[PDB]
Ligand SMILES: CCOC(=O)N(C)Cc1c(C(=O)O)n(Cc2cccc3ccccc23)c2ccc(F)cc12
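Just the one chain here, laid out as structure tokens, in the form deposited without the ligand.
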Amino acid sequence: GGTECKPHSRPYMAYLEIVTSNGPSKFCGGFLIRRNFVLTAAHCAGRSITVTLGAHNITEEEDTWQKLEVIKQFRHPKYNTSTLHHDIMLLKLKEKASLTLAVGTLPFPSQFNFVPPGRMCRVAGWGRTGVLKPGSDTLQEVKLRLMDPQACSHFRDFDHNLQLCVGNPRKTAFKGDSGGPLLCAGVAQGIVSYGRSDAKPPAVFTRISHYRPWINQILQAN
């Protein structure tokens, strides 16, 4: 439970460098769903963003990298900084990524369903989430269980319809980066949103199914 990925085995993964209004840079994860669109968390928003596709060791620049500018951040309009509901955001890139072995998309399957508690999912990332110092600088993956929503009852506004409750406290800190995808059976079903300051599971993930209409609304107009 904390495993290094073979380099480039998750070629849709995106590493985000976010310029904040005040100057400094912060970082999140995300995933390439179209050649010019990256999906991530609303809490990753800032003045402007740049994505790095094709990475494995994020502190070691290599030739598989493709750095692309984000021209526009589409933060979900009902995003709430207190409840953290609707913590999702699309990033339109200046140009389409070039498809390579190391860089590919993860398009959503046409048909989907509400995903219930019980199944095991996986999340890969570089640990860029919360207030705790990562962790590692290479892409790693962990397996996490979808829990009954009651397991997240301690999170004030948690809503089963909107959010996934993720990770068994009695069986599992790593949950990937803010904005990173939670994959169940090869399909992205959630986005890393938040957890306790101390990172003890479970954590809360955006339930992607709920936002598929909005995702398509953005893609359709852009």
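Residue numbers here begin at 1 and follow the sequence given.
Heads up, the form deposited with the ligand bound isn't pictured, but that's what we're talking about next.
For this chain, the superposed copy of the ligand, brought over from its placement in the entry with it bound, has 3 or more atoms within 2.4 Å of the backbone and C-beta atoms, so the pocket is blocked. Taken together, the three residues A45, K175 and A203 all come within 4.5 Å of the ligand in the entry with it bound, as judged by their closest heavy atom. Using a 4.5 angstroms threshold between heavy atoms, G190 stays clear of the ligand in the entry with it bound. Proximity of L84 to the ligand in the entry with it bound falls within the 4.5 Å heavy atom cutoff. The ligand in the entry with it bound is not approached by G54, whose heavy atoms all lie more than 4.5 angstroms from it. Proximity of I208 to the ligand in the entry with it bound falls outside the 4.5 Å heavy atom cutoff. When you look in the entry with it bound, the only residue of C165, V70, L182, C28 with a non-hydrogen atom within 4.5 Å of the ligand is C28.
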